[PDB]
Each structure stands twice: as structure tokens, then as C-alpha cells.
Number of protein chains: 2
Amino acid sequence: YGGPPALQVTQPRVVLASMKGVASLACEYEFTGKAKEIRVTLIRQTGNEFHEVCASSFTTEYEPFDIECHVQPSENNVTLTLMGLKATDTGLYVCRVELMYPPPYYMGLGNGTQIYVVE
Amino acid sequence: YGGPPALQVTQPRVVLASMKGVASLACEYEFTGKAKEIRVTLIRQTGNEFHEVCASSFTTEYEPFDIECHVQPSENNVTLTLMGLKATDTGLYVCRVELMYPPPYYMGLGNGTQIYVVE
């Protein structure tokens, strides 16, 4: 149990690239609260070797109210748009989510326990 | 959405006190990683008013390897043992978990996406 606390990350099992060389892919992750920083990485698994295909970091800010990659975070969800794919880019792509500085305080209440006491 | 990030906390729906005035109650909570500090509170809901019945805080340390309350934390689980219950202590008891300073870094990997690209 040496590693970092795990994130449950889910990823479409298959995606078809358009004929234009564009693919979309959503990386969903289970987490409550917004961490101050997120980094998202797409790792290509070519057989035995792994190499980074894209990677974007984001921090929480005030906002008005070969393979190139667009990353759009969202509540528990990151859409990755790959462009400039060629035939040889076909293969397995693993999504990685990293969260840093989670909320510093969590709270929950239970639904209550009726305790019956008898003399 | 003003409040703290929520914890999912579950609580036995009913518990019978022993004839000796002792009841046990487990507060389970969903969380990955050990927060540096936990505080557990048992709140009695007598109709319209709420008052604290017990409350214990814990921090992560090195360890060798009317109503009074014993609290025993555990992985995602706190057992509360109430002693000295009387008949009038019968009623509704709500469990509250608070976590402070969660792990500062989380990571997960997805299962991979097969991207098919066609010329």
C-alpha cells in the first residue's frame, strides 16, 4: 500500500477517429470538492513502452461569467480532443488524473440511529 | 452549494441498548486516504433541539505495533460505545464526521481507450 491515494478514473473503452484525424475521449473521475490543481495526462501504451501524448495542468482561478491535444476540465470530467491523428497513431491511450491540494475540510452527517433503551 | 464538501456517512438505523445501559453504533464514511485529523460527533435530536452527546478528535500519530462515550476510529469506520444510558436517553442520535487535512495528492489511471484511426 505504498502509493498515492487512488482516484477512480474511467475512460471509454473504444473511440473512432473521424476521417479528419480528430478523436474525443472523456476521462471521468470520482471526487468530491474541487482540488486547487489538476493535471491530466494521456499516455500511449505501444506494446511495452509508454510515452506521454499530451498533458495539461489547471488551477482554480476567477473566470468571467504529431498528435496535438485540447483538454477541457469539468466537474469530475475531462474531455480530451486529439487532432492530427494518422493511421499509425492507432492504439491504446491511458488517461491519468492527478489532483493536488484538495479541500482542507470535509463533513458529513448520518441519517440517525434510533437508540432504544430499556430499564 | 455553499457548504463543505460532503462526506457520505452511514449509520445503523436502529440499535438496542443492553440491559446494562450500553449501546454500540458504527459510523461508516466513504473516503480514500487518511486525513491528518478526524473529529466524530454524536448529536441527539430530541424533537426540535440538537445537543452534542459525545465528541472525540484524533490525529495521525506513531503508535506501537449522563451519557459517556468511547470512540474508536478505523479505516472509514468509527465505532461509538455509549455507556450509562437510561430509559430517558431513548431517541434519535445523529453521527457527524469531520475530516481535516486530507492527502495533498491523489492520482488515478484509467483502463485505456483503444483509438482506431483510419486514412
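Annotated for the protein assembly as shown: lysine pairs at least 8 residues apart or interchain, Cα distance under 30 Å, count 6. On the rotation that sends chain A to chain B, the chain A Cβ lying closest to the axis gives residue and distance in whole Å as A:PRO102, 2. Hey, quick one: spin label on A:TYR105, modelled 7 Å out along Cα-Cβ, who in segment A:26-53 has an amide N within reach, i.e. under 17 Å? Zone members listed by number: A:33-36. Each of B:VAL14, B:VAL94 was scored by other Cβ atoms within 10 Å of its Cβ. Arranged with the fewest first, they read B:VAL14, B:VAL94. With a Förster radius of 41 Å applied to the C-beta separation of A:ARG39 and B:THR79, the computed FRET efficiency comes to 0.60. Normalising the Debye intensity of chain B to I(0), with uniform scatterers on Cα atoms only, and taking log10 at q = 0.17, 0.21 Å⁻¹ returns -0.93, -1.25. Taken along the Cα-to-beta-carbon direction at a fixed 7 Å, the label points for A:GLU30 and A:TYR1 span 1.7 nm.
Which distance in Å, rounded to a whole number, links the C-alpha centroids of segment B:80-101 and segment B:44-60? Rounded to whole Å, the Cα centres lie 6 Å apart.
Mean shadow of segment B:34-100, computed from the convex hull of its alpha carbons, in nm²? List each step's numbers first, then the result.
On the way: hull surface 22.1 nm².
Across all orientations, segment B:34-100 yields a mean hull projection of 5.5 nm².
Note that we place each Cβ from the backbone using ideal geometry, even for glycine, and neighbour counts take in every protein chain shown. Read-outs: derived from the displayed coordinates by stated rules, not from any lab.
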